[PDB]
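Below you will find one chain, with nothing else, as C-alpha cells; this is the form deposited in one PDB entry, and questions on how it binds or moves follow later.
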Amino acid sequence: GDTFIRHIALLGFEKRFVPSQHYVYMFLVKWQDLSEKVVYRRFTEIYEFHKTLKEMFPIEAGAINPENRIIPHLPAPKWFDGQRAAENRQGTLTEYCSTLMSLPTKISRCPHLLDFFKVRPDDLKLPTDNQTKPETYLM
C-alpha cells in the first residue's frame, strides 16, 4: 500500500526508574520496508490508544451491534499483583497486537495506529540519570 506495519511482536518489558519507577512493554515492529524497530510503551498508553481506536471505528468496536465486534479486548489497568495476572497481561498484550494485524486494513493500516507505533525520541535515546540502568526482561 505505502508505509505500514507488517508485524508487531511483544518482546518482554523493562522496569524503568527515570524519571520515575514504571514498566514499559517492548515491541518489535516490522515495517513494509522490512525494518524491525524496537519501541517501548506503558500499559496505560496502550490502553488509551485502544480506547481511541474503538472511538474511531464504532462498528468494529461493537458500539452499534455488539455481535459485530472484531477489535480485540483489553482488560482495564487493573493493577494486579501475582503473576497469574502478570502472565495474563503480557499474554493479553501479545494476543492484542497479533489480533490488530489481522483486522481489516482500514484499521490495521490506519495512520493513527501507524503513528502510535512509530519511534519516539526516548525509544532511540533512553532517559538516563548518572545517579540512577533499567532492568530488561526479555521473555
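Each form is matched to the other, and the largest set of C-alpha atoms that superpose within 1.5 Å is called the rigid core. Shifts are known only where both forms have a C-alpha. Numbers for residues come from their place in the sequence shown, where the first is 1.
As for the form deposited in another entry, it is not shown, yet the points below apply to it.
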Considering only 105, 99, 88, 44, which residue exhibits a C-alpha shift of no less than 2 Å between this form and the one not shown, with the rigid core used for superposition?
88
Having a change of 3 Å or more in the C-alpha distance between residue 15 and residue 79, I'd like to know whether it is closer or farther in the other entry than in the form here.
farther
Working note: in the other entry the C-alpha atoms of residue 86 and residue 38, off by 3 Å or more, come closer
After a core superposition, which runs of 3 or more consecutive residues shift by at least 2 Å in C-alpha position between this form and the one not shown?
18-20, 78-88
